[PDB]
Ligand SMILES: CC(C)CN(C[C@@H](O)[C@H](Cc1ccc(F)cc1)NC(=O)O[C@H]1[C@H]2CO[C@H]3OC[C@@H]1[C@H]3C2)S(=O)(=O)c1ccc2nc(NC3CC3)sc2c1
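Laid out in structure tokens, this is it:
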């Protein structure tokens, strides 16, 4: 779709067999989801944003469906205040900015 | 322009008579700039992001040029680790997401 920015650009995702809503976030390099149960091995990572840093679990090669488009990549899980789809996944679904 | 997301979507802005680079940030409701000298009255505001919250100076009705497009609106100034152009300004320049 085309999405305008009068409201938060929230879309439906499926990840780890679970449905969630997430922000299309061009200011996010990586994809970060609130506590969600994902399978398998992970590595602890500290990431930084406005306000400071959080500890996340890094999961690699995680399949995700983003508004009906398929991607696979790194998903970081931790105490983010918002589920954010970052550029690592947005590049796979052909998402662009236009003005 | 159209901007793809293989790299950070950074553009040149002019604000307060000064030139800066800033991220086109669809996950940002508001526009937040690192310490920059802006004229006139401001109101202290606490904003939240990943990692916690920052104190910012809120300036209203600030003109900004964003990659050659003119906007006017609220600009928050404070210890953000990145200059971010949020939806309050991106809607004025006709910025959309497309996939
Ligand atoms: C700040 C920006 C530069 C980065 N963030 C992406 C922004 O879009 C976030 C998303 C957000 C929304 C709401 C919220 F409560 C918290 C976060 N917006 C944001 O904080 O908005 C703030 C601010 C703007 O106005 C209002 O709107 C929402 C809220 C409020 C005040 S990030 O989430 O920290 C992030 C994400 C991925 C990532 N991957 C990395 N990978 C390593 C480096 C290579 S680093 C990294 C850092």
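Protein chains in written order, with PDB author numbering: chain A, 1 to 99; chain A', 1 to 99. A prime marks a further copy of an entry chain. Even for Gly, the Cβ is constructed at its ideal location relative to N, Cα and C.
* To do: Classify residue 60 of chain A as buried or exposed, calling it buried when 16 or more other Cβ atoms lie within 10 Å of its own Cβ.
  => Stepping through the first chain from its first residue, residue 60 of chain A is reached at position 60. By the neighbour-count rule (16 or more Cβ atoms within 10 Å), residue 60 of chain A is not buried but exposed.
* To do: Would you kindly work out how many angstroms separate the C-alpha atoms of residue 75 of chain A' and residue 57 of chain A', rounded to a whole number?
  => Indexing the second chain from 1 puts residue 75 of chain A' at position 75. Indexing the second chain from 1 puts residue 57 of chain A' at position 57. Looking at the two C-alpha atoms, the distance is approximately 8 Å.
* Could you tell me whether the Cβ of residue 63 of chain A' comes closer than 8 Å to any Cβ of chain A? => Here residue 63 of chain A' refers to the residue found at position 63 of the second chain. No, no contact with chain A.
* **Interface flag, residue 30 of chain A vs chain A', CB-CB below 8 Å** => Along the first chain, read from residue 1 onward, the residue named residue 30 of chain A stands at position 30. By this cut-off, residue 30 of chain A is not an interface position.
* Asked: Anyone know if the C-beta pair for residue 27 of chain A' and residue 51 of chain A falls short of 8 Å?
  -> Here residue 27 of chain A' refers to the residue found at position 27 of the second chain. Here residue 51 of chain A refers to the residue found at position 51 of the first chain. No; because the gap between Cβ atoms is not below 8 Å, this pair is not in contact.
* Asked: Per DSSP, residue 13 of chain A' forms a beta bridge with which residues?
  -> Translated into positions along the second chain, residue 13 of chain A' becomes position 13. The partner list for residue 13 of chain A' (beta bridge, DSSP) reads A':20 and A':66.
* For residue 88 of chain A, the three-state DSSP class (helix, strand or coil) -> Within the first chain, residue 88 of chain A is the residue found at index 88, counting from 1. Here residue 88 of chain A sits in helix by DSSP.
* Cβ distance (whole Å) where residue 62 of chain A is taken to contact residue 72 of chain A below 8 Å -> Within the first chain, numbered from 1, the residue matching residue 62 of chain A stands at position 62. Within the first chain, numbered from 1, the residue matching residue 72 of chain A stands at position 72. That pair is a contact at about 7 Å.
* According to DSSP, residues forming a beta bridge with residue 78 of chain A' -> Position 78 of the second chain, counting from 1, holds the residue named residue 78 of chain A'. Its beta-bridge partners do not exist; DSSP assigns none.
* CB of residue 3 of chain A' within 8 Å of CB of residue 12 of chain A, strictly -> Translated into the one-based positions of the second chain, residue 3 of chain A' becomes position 3. Translated into the one-based positions of the first chain, residue 12 of chain A becomes position 12. No, the pair does not count as a contact, with Cβ atoms beyond the cut-off.
* Separation of residue 98 of chain A from residue 31 of chain A, as counted between CA atoms -> To locate residue 31 of chain A, count along the first chain from 1; it is residue 31. To locate residue 98 of chain A, count along the first chain from 1; it is residue 98. Computed Cα separation, rounded: 21 Å.
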